[PDB]
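Notes follow once the structure below has been shown.
Below, each value reflects all heavy atoms present in this structure, side chains not excepted, and no hydrogens, waters or symmetry copies. Chain A is the first sequence line, chain B the second, and so forth, proteins listed ahead of strands; every chain is numbered from 1.
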Amino acid sequence: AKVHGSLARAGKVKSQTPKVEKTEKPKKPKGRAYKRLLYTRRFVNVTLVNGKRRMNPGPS
Amino acid sequence: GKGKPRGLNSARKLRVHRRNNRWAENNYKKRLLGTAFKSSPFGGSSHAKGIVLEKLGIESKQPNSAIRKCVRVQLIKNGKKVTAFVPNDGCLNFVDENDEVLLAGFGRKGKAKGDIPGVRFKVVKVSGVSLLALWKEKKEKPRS
Amino acid sequence: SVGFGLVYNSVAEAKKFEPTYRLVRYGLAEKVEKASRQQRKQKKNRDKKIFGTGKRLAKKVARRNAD
Amino acid sequence: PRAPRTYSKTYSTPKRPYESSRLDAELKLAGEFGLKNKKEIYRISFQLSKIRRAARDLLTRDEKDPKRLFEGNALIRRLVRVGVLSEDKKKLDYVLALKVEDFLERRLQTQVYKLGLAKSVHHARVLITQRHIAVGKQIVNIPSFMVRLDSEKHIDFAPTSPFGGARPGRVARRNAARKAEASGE
Amino acid sequence: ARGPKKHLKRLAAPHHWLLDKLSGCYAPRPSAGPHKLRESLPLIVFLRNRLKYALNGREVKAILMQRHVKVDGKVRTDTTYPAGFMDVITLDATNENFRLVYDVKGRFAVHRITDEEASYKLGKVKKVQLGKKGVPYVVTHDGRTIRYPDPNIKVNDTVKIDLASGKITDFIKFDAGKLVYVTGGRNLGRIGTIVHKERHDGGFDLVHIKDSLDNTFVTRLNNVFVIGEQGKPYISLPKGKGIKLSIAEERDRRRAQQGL
RNA sequence: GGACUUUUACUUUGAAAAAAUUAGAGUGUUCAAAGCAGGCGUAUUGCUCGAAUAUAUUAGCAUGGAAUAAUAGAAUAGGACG
RNA sequence: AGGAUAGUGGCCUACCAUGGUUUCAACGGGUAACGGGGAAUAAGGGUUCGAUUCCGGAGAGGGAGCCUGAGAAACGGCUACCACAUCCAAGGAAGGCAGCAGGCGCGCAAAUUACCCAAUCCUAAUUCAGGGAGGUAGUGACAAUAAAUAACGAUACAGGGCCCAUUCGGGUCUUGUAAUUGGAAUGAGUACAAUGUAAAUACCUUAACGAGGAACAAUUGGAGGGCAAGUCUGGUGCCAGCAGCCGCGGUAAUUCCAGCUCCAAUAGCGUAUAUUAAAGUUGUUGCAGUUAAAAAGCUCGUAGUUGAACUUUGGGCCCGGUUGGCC
Ligand SMILES: [Mg+2]
Ligand SMILES: [Mg+2]
Ligand SMILES: [Mg+2]
Ligand SMILES: [Mg+2]
Ligand SMILES: [Mg+2]
Ligand SMILES: [Mg+2]
Ligand SMILES: [Mg+2]
Ligand SMILES: [Mg+2]
Ligand SMILES: [Mg+2]
Ligand SMILES: [Mg+2]
Ligand SMILES: [Mg+2]
Ligand SMILES: [Mg+2]
Ligand SMILES: [Mg+2]
Ligand SMILES: [Mg+2]
Ligand SMILES: [Mg+2]
Ligand SMILES: [Mg+2]
């Protein structure tokens with residue numbers, strides 16, 4: 001109900017965020033190949049199992 | 001017992017009682033009264049086009065503090081005036097005044113969403129271009 | 001490959017019992033040079049406006065043009 | 001107007017999208033059998049649910065019922081013919097014990113892998129898709145072909161394929177020409 | 001609306017014609033003739049769909065316009081001529097004759113007959129009436145009128161037509177213990193013997209029929225067609241003799257035949 | 001032909017209740033959705049399986065039953081039987 | 001009783017009688033109502049949808065009238081009136097796309113002013129003519145089916161294996177990682193040709209060309225919980241924004257904006273609206289009414305609904321079949 005609500009501030013954060021370009025990385029396989037690598041990453045190559053199975057653990 | 005008739009020949013009473021008490025449901029009442037056709041900003045439609053009348057800054061409801069950047073628009077097909085929320089960071093600079101927008105609901109079949117008070121619609125497109133495409137920079141707003 | 005086949009008795013029975021398109025495919029009969037379907041229909045509709053042969057109005061308009 | 005065409009869906013999505021207990025089981029099946037996505041499991045689950053429903057609703061009625069006998073024998077015969085159900089354990093109550101793995105191991109990918117010639121299920125799928133396998137004399141490039149227990153002995157490389165013979169291959173020809181040029185002649 | 005219909009949409013044609021759903025928006029509408037279109041077989045359907053002597057209606061018309069086909073001794077060049085039950089179709093070439101009888105699955109089956117049987121046919125008496133000048137006559141099921149009939153010929157009897165002159169050569173009364181053929185309802189194609197009949201004044205006389213191997217059923221009198229006595233029919237039966245084996249034992253016979 | 005009929009509800013069985021759609025039998029459309037095709041000979045000028053089946057309600061029509069529920073009868077006998 | 005009709009009938013007329021329907025809901029009003037076969041969902045019972053491929057009805061801008069005809073109250077027939085609209089030399093004359101294609105308008109919302117009678121059928125005096133009926137192609141992410149975006153090869157390796165692995169030493173079958181490094185496989189696409197078709201375009205085949213970043217480069221939506229997936233790193237500091245709901249943001253944000261990574265479905269994924277299950281939150285099955293919403297202040301009372309028991313029970317004799325202890 002604020003008739004004086006400042007509309008001039010729209011887009012502030014998206015305007016002032018530092019523009020960081022996406023890194024160039026090799027393409028990930030698509031389809032059955034992606035299901036293959038997902039299966040290996042989840043059931044064969046079980047890397048991080050701290051406490052229980054962890055699937056997107058950070059550094060340290 | 002049970003306060004309702006049970007005899008084999010009481011079907012008329014049971015059917016009429018169910019018909020009468022059916023009017024206490026929300027959806028049945030709306031369907032039978034045709035409220036969407038009669039009293040609804042859209043004519044029962046999912047989307048509607050409008051002409052932006054002005055840009056509004058709506059204060060957020062407690063316990064949130066924000067300006068929600070809505071637009072007051074007038075619908076083409078019936079001339080009703082509604083308020084539509086413009087969803088994203090920015091995207092209010094894409095709307096402008098006197099422009100043509102397309103509106104959908106929020107998803108609560110009426111029932112203003114979240115901390116925005118009394119706003120039941122959101123802008124999908126402006127000047128024939130998707131607002132998501134304008135925000136992702138896939139497209140550009142036409143001059144016309 | 002799998003297809004269908006017919007063998008007739010002599011040339012004439014084939015040339016009478018076989019469709020024109022297959023005659024044209026095999027070269028036995030030639031293609032008739034007809035106008036397109038739309039202009040054929042338009043010409044038919046044009047002739048619908050004429051009662052009789054048309055020589056009456058033909059010489060009448062010739063008189064109007066050469067008066 | 002012409003009579004309408006009939007079509008139906010061959011799969012059904014699960015009621016709960018995000019439950020790990022079957023999400024990982026589905027990924028296990030996909031990795032084991034070289035499947036493209038979860039729809040290939042949903043299709044087999046849909047088919048097996050149809051068959052289990054038929055067997056349940058057809059066992060609920062007593063024996064020597066002409067309905068139960070006719071459709072039970074038909075279902076038993078179809079399952080035995082396709083090979084999802086063995087020669088033994090040939091009964092409707094033994095139908096209810098069937099699992100998705102049975103149809104997955106009756107897939108064309110599975111048999112192509114099992115009888116040599118593939119060395120991997122993923123190699124089997126790309127081999128089938130690349131028109132290198134003939135179930136009889138017929139090239140079959142559909143990995144879910146569902147072999148029917150009488151074409152097993154007849155699976156071999158296609159005669160029109162380089163592995164079947166009579167053709168060296170596109171890349172083989174190109175590099176044979178280049179190697180001959182670099183050698184001389 | 002506003003007058004008679006001339007088109008017959010496919011999916012509205014009789015199911016016993018066994019027409020493919022695709023390959024055409026329409027079906028051959030039978031012309032007016034001796035039989036109702038619901039229980040008639042058009043010549044184009046018999047020649048193209050049943051006998052495979054033609055590939056399409058154009059070749060059917062080419063066949064008919066050469067006077068090759070004749071129904072009941074007459075050429076009948078009409079493509080959609082309504083040939084029905086008991087009718088005799090003759091092909092001048094191929095030296096064969098056909099009689100239109102349903103198989104037990106309630107559809108006209110390609111049934112070949114000899115010249116002697118093709119010389120005659122049977123008809124069911126629909127009514128016996130006095131015509132003009134006091135001349136009696138009978139009306140058969142195929143829309144045929146025969147003047148001066150036997151006085152003992154009553155309604156729903158069977159008469160034998162010489163098919164070269166429209167004359168009655170013999171007749172069978174409708175009585176218990178006579179071989180009947182079912183021409184309507186769910187019992188199309190059945191051949192059995194009358195047990196008895198229920199009067200039911202006010203409509204729909206009911207007939208009890210016993211099969212050759214003791215399957216008893218009941219049928220409306222309108223679907224009953226007398227064809228002879230207990231044994232020795234007046235018409236050669238089609239392959240099957242109208243018994244209606246159950247699907248299980250049809251399966252068993254099919255498997256015995258296929259697998260030797 | 002009448003010296004011929006208490007009236008129902010209810011329930012059984014049966015005739016019919018378009019086709020398509022639905023369920024479902026058979027069939028290697030390369031698989032499948034489909035479709036209603038097809039299959040087998042030595043191809044020496046031909047043999048042959050099919051295109052099933054089920055359900056489709058209420059009302060009407062016949063039809064066996066007479067528990068359950070209603071209805072009627074002989075009380076100023078104007079009653080039954082010949 | 002007559003008239004009229006093809007014919008029954010207040011269908012109409014003359015005379016007569018005062019009847020006919022209704023709380024078992026007449027009559028009137030509304031329908032964003034054409035009916036049905038059927039569709040979606042669905043333990044059972046149900047709920048919702050059905051303008052639309054088949055059947056039946058109705059209509060051809062709105063009404064009315066009529067001719068011809070077996071059949072029309074026809075409209076790609078006529079006549080009049082109304083509305084709308086076209087040509088004109090101003091005298092007059094000609095119209096009806098809710099057929100096909102196409103245009104304007106309307107809106108959230110829907111395709112070519114293409115080819116052909118070869119198929120299906122239909123009509124005619126008819127084998128032949130005609131058919132925007134119909135078929136063929138064009139557009140087409142409505143929906144549905146199948147399923148390409150890669151598969152095999154070097155050197156550290158948790159040792160899960162064998163001489164008590166006492167030696168990064170050994171056949172330990174090692175799928176499992178490090179821009180490396182090599183051959184092989186192929187259709188997307190191109191087109192000989194043939195086939196396909198009335199002609200064609202495509203599909204099934206097929207001579208050559210067609211892979212190294214196979215750039216021949218998969219997307220959509222998420223990562224607090226419901227609900228699978230991050231105390232990772234920058235930016236912002238109740239701002240911008242997110243968030244179906246609960247909530248997240250006021251200087252260490254797992255929730256915003258981004259990078260990395262991960263998750264889910266995947267040539268599809270999200271959003272809105274409606275509807276179904278979930279909903280025993282419509283209830284017959286099967287709710288609830290002391291206090292959560294809900295026993296009329298009390299009694300009488302018609303319709304409606306529902307209403308104690310009792311009338312031939314019990315016994316014997318025969319005929320005629322079977323998931324069943326020996327021909
Ligand atoms: Mg019509
Ligand atoms: Mg009268
Ligand atoms: Mg009167
Ligand atoms: Mg309406
Ligand atoms: Mg409808
Ligand atoms: Mg009309
Ligand atoms: Mg006429
Ligand atoms: Mg018109
Ligand atoms: Mg018309
Ligand atoms: Mg149009
Ligand atoms: Mg059309
Ligand atoms: Mg993030
Ligand atoms: Mg989680
Ligand atoms: Mg209270
Ligand atoms: Mg009280
Ligand atoms: Mg009070």
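E/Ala62 comes within 4.0 angstrom of a base, heavy atoms only.
Interface remark: the B/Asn64 side chain does form a donor-acceptor pair with the G/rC248 base, using a distance-only criterion of under 3.5 Å. For B/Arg22 and G/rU282, a side-chain-to-base donor-acceptor distance below 3.5 Å is absent, hydrogens and geometry of angles not being considered. In the interface, the side chain of E/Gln258 is not paired with the base of F/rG26 through any donor and acceptor atom under 3.5 Å apart. In the interface, the side chain of B/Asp115 is paired with the base of G/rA243 through a donor and an acceptor atom under 3.5 Å apart. For E/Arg251 and F/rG26, a side-chain-to-base donor-acceptor distance below 3.5 Å is absent, hydrogens and geometry of angles not being considered. Residue D/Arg148 places a side-chain atom within donor-acceptor reach of the base of F/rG28, judged by atom type and a 3.5 Å distance cut-off alone.
Take the nearest nucleotide of RNA chain F for E/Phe217 and for D/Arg77: the residue whose nucleotide is more 5' is E/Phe217. Map E/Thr219 and E/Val104 each onto its nearest nucleotide of RNA chain F; the residue landing nearer the 5' end is E/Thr219.
A negative value of the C1'-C2'-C3'-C4' torsion places the sugar of G/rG237 in the south (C2'-endo) family. Pucker annotation for G/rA279 reads south, on the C2'-endo side, since its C1'-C2'-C3'-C4' dihedral is below zero. Using the sign of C1'-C2'-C3'-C4' as the criterion, G/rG196 is classed as north-puckered.
When both pairing distances are held under 3.5 Å, G/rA277 makes no Watson-Crick or G-U pair with any nucleotide shown.
Side-chain contact check for A/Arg36 versus D/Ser120: some heavy-atom pair is nearer than 4.5 Å.
Counting only heavy atoms from C-beta on, D/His123 has its side chain closest to G/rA151 among G/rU48, G/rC262, G/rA151. Closest approach to the B/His47 side chain among G/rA243, G/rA272, G/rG241 is made by G/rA272 (side chain taken as heavy atoms from C-beta onward).
A close approach under 4.0 Å does not occur between any side-chain nitrogen or oxygen of B/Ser45 and OP1 or OP2 of G/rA109.
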